[PDB]
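First the structure, in the form of structure tokens, and then the observations on it.
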Amino acid sequence: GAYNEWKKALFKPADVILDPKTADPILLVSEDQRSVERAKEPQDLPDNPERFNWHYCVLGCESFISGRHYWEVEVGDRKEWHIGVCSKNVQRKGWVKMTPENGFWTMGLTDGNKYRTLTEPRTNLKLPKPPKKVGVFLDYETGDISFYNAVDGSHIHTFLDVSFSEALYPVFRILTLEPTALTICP
Ligand SMILES: C/C(=C\CCP(=O)(O)OP(=O)(O)O)CO
């Protein structure tokens, strides 16, 4: 459809790989650096400054300061996940709420069927079908972050007219221990 035919004409396809140095020690980054899973217990890793030590988050290796970009994430049959972008300057040590005011622009799924935007307050999304693959789209200049069902091209959510100042990283978060991973499409 139009989604497939037009996406690269309008947005530059980002080749996003996960940065193991940023991943919470309870997270496992795959060898090919496209997939993330959760461990039963935290691994023994350094608390280097780049690492999220409280939030179960991991970042992409590269950030954006301009232009239009997109990447796709296979969420599959996961019951829980949150993806989007965050500012380079987010608090990585300890806890703050993942909201736009704290530099996080994400949406996702909890409890198998509760789709929401991580905002203050959180807003519930009504999706006609559960997405298996999600397209994340960034237009830095217009300040739009948009999410689409990457299979049927249907709209999921758009953060509108954000005045971005900082560089933006792709961000990924998983809380649950389940057999299906969260995977970036190349
Ligand atoms: C406290 C907990 C789940 C709630 C996570 P949270 O309070 O940051 O809520 P969220 O950021 O998913 O809207 C147990 O992992």
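Every chain in the structure tokens takes a letter, A first, then B, and so on in the order presented; its residues are numbered from 1, and the ligands are numbered from 1 following the presented order.
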Exercise for the section: Kindly compile the residues surrounding ligand 1 within 12 Å, counting only C-alpha atoms and all ligand atoms, and format them as an MDAnalysis selection string. Expected result: chainID A and resid 54:57 80:83 94:100 102 104:111 114:124 173:177
Can you spit out the residues from that selection as a compact mmCIF listing (two decimals), in the first residue's frame, using N, CA and C atoms?
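Okay, this is what ended up in part-v4.txt:
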# COMPACT_ATOMS: atom_id res chain seq x y z
N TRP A 54 17.95 2.21 36.29
CA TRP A 54 16.66 1.93 36.92
C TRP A 54 15.60 1.52 35.90
N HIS A 55 15.38 2.36 34.89
CA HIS A 55 14.41 2.04 33.86
C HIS A 55 14.94 0.91 32.99
N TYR A 56 14.06 -0.02 32.63
CA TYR A 56 14.45 -1.15 31.79
C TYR A 56 14.51 -0.69 30.34
N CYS A 57 15.42 0.23 30.05
CA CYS A 57 15.50 0.85 28.72
C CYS A 57 16.82 0.60 28.02
N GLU A 80 3.63 -6.72 26.36
CA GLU A 80 4.12 -5.49 26.95
C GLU A 80 5.35 -4.97 26.22
N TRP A 81 5.34 -3.68 25.90
CA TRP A 81 6.46 -3.01 25.25
C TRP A 81 6.17 -1.52 25.14
N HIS A 82 7.22 -0.72 25.09
CA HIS A 82 7.09 0.71 24.82
C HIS A 82 8.27 1.16 23.97
N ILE A 83 7.98 1.90 22.91
CA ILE A 83 9.01 2.38 21.99
C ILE A 83 8.74 3.83 21.62
N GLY A 94 18.57 6.44 38.30
CA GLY A 94 17.41 6.60 39.16
C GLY A 94 16.15 6.74 38.34
N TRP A 95 15.06 7.15 39.00
CA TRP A 95 13.76 7.21 38.35
C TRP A 95 13.23 8.62 38.14
N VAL A 96 12.73 8.86 36.94
CA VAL A 96 11.78 9.94 36.69
C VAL A 96 10.74 9.34 35.76
N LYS A 97 9.54 9.90 35.76
CA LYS A 97 8.48 9.36 34.92
C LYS A 97 8.78 9.59 33.45
N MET A 98 8.59 8.55 32.64
CA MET A 98 8.80 8.67 31.20
C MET A 98 7.63 9.41 30.55
N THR A 99 7.79 10.73 30.44
CA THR A 99 6.80 11.63 29.87
C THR A 99 7.54 12.62 28.96
N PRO A 100 6.81 13.29 28.04
CA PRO A 100 7.43 14.30 27.19
C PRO A 100 8.15 15.42 27.96
N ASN A 102 9.79 15.13 30.57
CA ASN A 102 11.07 14.59 31.03
C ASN A 102 11.91 14.08 29.87
N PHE A 104 10.81 12.11 27.13
CA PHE A 104 10.45 10.82 26.54
C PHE A 104 9.19 10.94 25.71
N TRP A 105 9.26 10.53 24.45
CA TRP A 105 8.07 10.48 23.61
C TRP A 105 7.83 9.06 23.13
N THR A 106 7.06 8.31 23.90
CA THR A 106 6.85 6.89 23.64
C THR A 106 5.38 6.50 23.75
N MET A 107 5.01 5.43 23.06
CA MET A 107 3.73 4.76 23.29
C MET A 107 4.00 3.27 23.38
N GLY A 108 2.98 2.49 23.73
CA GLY A 108 3.17 1.06 23.80
C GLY A 108 2.00 0.28 24.35
N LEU A 109 2.30 -0.92 24.85
CA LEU A 109 1.28 -1.87 25.27
C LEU A 109 1.57 -2.38 26.68
N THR A 110 0.55 -2.47 27.52
CA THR A 110 0.63 -3.14 28.80
C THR A 110 -0.54 -4.14 28.93
N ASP A 111 -0.32 -5.16 29.75
CA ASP A 111 -1.37 -6.12 30.08
C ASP A 111 -2.02 -6.78 28.86
N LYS A 114 -3.82 -3.18 26.54
CA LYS A 114 -3.96 -1.76 26.89
C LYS A 114 -2.91 -0.91 26.19
N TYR A 115 -3.28 -0.35 25.04
CA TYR A 115 -2.40 0.53 24.29
C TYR A 115 -2.52 1.96 24.80
N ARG A 116 -1.40 2.59 25.10
CA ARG A 116 -1.36 3.93 25.67
C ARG A 116 -0.17 4.75 25.22
N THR A 117 -0.31 6.06 25.33
CA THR A 117 0.79 6.98 25.13
C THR A 117 1.35 7.26 26.52
N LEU A 118 2.67 7.25 26.66
CA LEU A 118 3.27 7.54 27.95
C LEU A 118 3.32 9.04 28.20
N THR A 119 2.17 9.60 28.53
CA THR A 119 2.03 11.03 28.75
C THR A 119 1.54 11.31 30.16
N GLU A 120 1.37 12.59 30.47
CA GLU A 120 0.93 13.00 31.79
C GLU A 120 -0.33 13.86 31.70
N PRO A 121 -1.51 13.25 31.89
CA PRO A 121 -1.73 11.83 32.24
C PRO A 121 -1.63 10.91 31.02
N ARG A 122 -1.41 9.62 31.27
CA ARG A 122 -1.41 8.62 30.19
C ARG A 122 -2.73 8.64 29.44
N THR A 123 -2.67 8.47 28.12
CA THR A 123 -3.89 8.45 27.30
C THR A 123 -4.07 7.10 26.63
N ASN A 124 -5.29 6.57 26.71
CA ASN A 124 -5.60 5.28 26.12
C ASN A 124 -5.83 5.37 24.62
N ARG A 173 11.74 -0.09 25.61
CA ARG A 173 11.55 -0.50 26.99
C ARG A 173 10.71 -1.76 27.08
N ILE A 174 11.20 -2.75 27.82
CA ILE A 174 10.41 -3.95 28.13
C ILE A 174 10.51 -4.29 29.61
N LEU A 175 9.37 -4.56 30.22
CA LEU A 175 9.32 -4.84 31.65
C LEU A 175 9.15 -6.32 31.93
N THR A 176 8.45 -7.01 31.05
CA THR A 176 8.01 -8.37 31.32
C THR A 176 8.98 -9.44 30.86
N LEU A 177 8.84 -10.62 31.45
CA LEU A 177 9.61 -11.79 31.07
C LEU A 177 8.70 -12.70 30.23
Practice task
Could you pull out the residues in stretch 85-156 of chain A that DSSP calls strand (DSSP E) from the backbone, as a PyMOL selection string?
Solution key: chain A and resi 85-87+104-110+114-117+123-124+133-139+144-149+155-156
Prev. selection, C-alpha atoms, output as a tab-separated table (two decimals), in the first residue's frame:
chain	number	residue	atom	x	y	z
A	85	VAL	CA	12.35	8.46	21.05
A	86	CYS	CA	13.98	10.28	23.94
A	87	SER	CA	16.28	13.27	24.38
A	104	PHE	CA	10.45	10.82	26.54
A	105	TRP	CA	8.07	10.48	23.61
A	106	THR	CA	6.85	6.89	23.64
A	107	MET	CA	3.73	4.76	23.29
A	108	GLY	CA	3.17	1.06	23.80
A	109	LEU	CA	1.28	-1.87	25.27
A	110	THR	CA	0.63	-3.14	28.80
A	114	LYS	CA	-3.96	-1.76	26.89
A	115	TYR	CA	-2.40	0.53	24.29
A	116	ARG	CA	-1.36	3.93	25.67
A	117	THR	CA	0.79	6.98	25.13
A	123	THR	CA	-3.89	8.45	27.30
A	124	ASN	CA	-5.60	5.28	26.12
A	133	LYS	CA	4.98	-4.37	13.48
A	134	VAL	CA	5.16	-0.68	14.33
A	135	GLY	CA	6.67	2.11	12.25
A	136	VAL	CA	8.22	4.98	14.23
A	137	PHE	CA	8.51	8.23	12.30
A	138	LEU	CA	10.41	11.39	13.21
A	139	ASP	CA	10.16	14.80	11.59
A	144	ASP	CA	6.17	15.33	14.85
A	145	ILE	CA	6.68	11.83	16.17
A	146	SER	CA	4.22	9.43	14.56
A	147	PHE	CA	3.50	5.73	14.99
A	148	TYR	CA	1.92	3.48	12.35
A	149	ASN	CA	0.89	-0.13	11.96
A	155	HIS	CA	-2.38	5.42	12.22
A	156	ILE	CA	-1.62	4.68	15.87
Handout entry: From A:84, A:112, A:1, A:25, residue lying nearest residue A:37 [only C-alpha atoms]
Key =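 Ranked by minimum distance to residue A:37, first place goes to A:25.
For the residues A:158, A:163, A:142, A:180, ranking by smallest atom-to-atom distance to residue A:67 using only C-alpha atoms places A:142 first.
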Handout entry: Polymer residues at most 12 Å from residue A:183, only C-alpha atoms, same-chain spacing of 5 or more positions, as a PyMOL selection string
Key = chain A and resi 16-18+28-30+32-37+71-78+81+83+132-134+172-174
Go ahead and write the residues just picked, N, CA and C atoms, as a short mmCIF file (atom, residue, chain, number, x, y, z; two decimals), in the first residue's frame.
data_model
loop_
_atom_site.label_atom_id
_atom_site.label_comp_id
_atom_site.auth_asym_id
_atom_site.auth_seq_id
_atom_site.Cartn_x
_atom_site.Cartn_y
_atom_site.Cartn_z
N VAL A 16 18.80 1.26 12.68
CA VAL A 16 18.94 1.34 14.12
C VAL A 16 19.47 0.05 14.73
N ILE A 17 20.60 0.15 15.42
CA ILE A 17 21.08 -0.95 16.25
C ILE A 17 21.19 -0.53 17.71
N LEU A 18 20.90 -1.47 18.60
CA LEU A 18 20.89 -1.20 20.03
C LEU A 18 22.30 -1.00 20.58
N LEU A 28 18.94 -7.85 27.80
CA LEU A 28 19.92 -8.55 26.99
C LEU A 28 19.81 -8.08 25.54
N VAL A 29 20.91 -7.58 25.01
CA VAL A 29 20.96 -7.16 23.61
C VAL A 29 21.53 -8.30 22.77
N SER A 30 20.84 -8.64 21.69
CA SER A 30 21.27 -9.74 20.82
C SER A 30 22.61 -9.46 20.16
N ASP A 32 23.37 -9.52 17.02
CA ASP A 32 23.22 -8.65 15.86
C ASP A 32 22.74 -7.25 16.25
N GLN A 33 22.50 -7.06 17.55
CA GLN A 33 22.13 -5.75 18.12
C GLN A 33 20.80 -5.18 17.59
N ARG A 34 19.89 -6.06 17.20
CA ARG A 34 18.58 -5.64 16.70
C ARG A 34 17.48 -6.02 17.68
N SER A 35 17.77 -6.99 18.53
CA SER A 35 16.76 -7.53 19.43
C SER A 35 17.12 -7.33 20.90
N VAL A 36 16.10 -7.16 21.73
CA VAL A 36 16.31 -7.03 23.16
C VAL A 36 15.37 -7.97 23.91
N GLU A 37 15.91 -8.63 24.93
CA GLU A 37 15.11 -9.47 25.80
C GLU A 37 15.36 -9.09 27.25
N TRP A 71 12.06 4.09 11.49
CA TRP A 71 12.48 2.71 11.68
C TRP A 71 11.27 1.87 12.06
N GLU A 72 11.38 0.56 11.87
CA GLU A 72 10.27 -0.33 12.17
C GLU A 72 10.64 -1.37 13.21
N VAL A 73 9.69 -1.68 14.09
CA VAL A 73 9.93 -2.58 15.20
C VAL A 73 8.90 -3.71 15.20
N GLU A 74 9.37 -4.95 15.18
CA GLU A 74 8.44 -6.07 15.31
C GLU A 74 8.14 -6.33 16.77
N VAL A 75 6.92 -5.99 17.18
CA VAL A 75 6.50 -6.20 18.56
C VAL A 75 5.89 -7.59 18.71
N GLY A 76 5.45 -8.15 17.59
CA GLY A 76 4.87 -9.48 17.58
C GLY A 76 3.73 -9.67 18.55
N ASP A 77 3.73 -10.80 19.25
CA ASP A 77 2.67 -11.11 20.19
C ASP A 77 3.05 -10.77 21.63
N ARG A 78 4.02 -9.88 21.80
CA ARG A 78 4.40 -9.41 23.13
C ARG A 78 3.21 -8.76 23.83
N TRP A 81 5.34 -3.68 25.90
CA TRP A 81 6.46 -3.01 25.25
C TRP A 81 6.17 -1.52 25.14
N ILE A 83 7.98 1.90 22.91
CA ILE A 83 9.01 2.38 21.99
C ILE A 83 8.74 3.83 21.62
N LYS A 132 1.48 -5.86 14.88
CA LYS A 132 2.56 -6.83 15.05
C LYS A 132 3.88 -6.15 14.74
N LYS A 133 3.82 -5.14 13.87
CA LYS A 133 4.98 -4.37 13.48
C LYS A 133 4.61 -2.91 13.51
N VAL A 134 5.44 -2.11 14.16
CA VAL A 134 5.16 -0.68 14.33
C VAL A 134 6.22 0.20 13.68
N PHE A 172 13.78 2.03 23.65
CA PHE A 172 12.99 0.80 23.73
C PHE A 172 12.92 0.35 25.18
N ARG A 173 11.74 -0.09 25.61
CA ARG A 173 11.55 -0.50 26.99
C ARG A 173 10.71 -1.76 27.08
N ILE A 174 11.20 -2.75 27.82
CA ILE A 174 10.41 -3.95 28.13
C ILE A 174 10.51 -4.29 29.61
#
Handout entry: Distance of atom CA of residue A:169 from atom CA of residue A:64, expressed in Å to one decimal place
Key = 6.6 Å
Exercise for the section: Write out as an NGL selection string all residues of chain A that backbone DSSP assigns to alpha helix (DSSP H). Expected result: :A and (2-10)
Exercise for the section: Can you work out which one of A:150, A:51, A:38, A:2 has the shortest atom-to-atom distance to residue A:20, counting only C-alpha atoms? Expected result: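 Closest to residue A:20, using only C-alpha atoms: A:51.
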Exercise for the section: Point out the residue among A:43, A:165, A:4, A:91 with the least atom-to-atom distance to residue A:141, counting only C-alpha atoms. Expected result: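 Selected residue with least distance to residue A:141: A:165.
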Fill in the blank from the handout: Across A:113, A:154, A:60, A:164, the smallest distance to residue A:101, with only C-alpha atoms counted, is shown by A:164
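Proximity to residue A:65 was assessed for A:184, A:88, A:162, A:9 counting only C-alpha atoms; the smallest distance is recorded for A:88.
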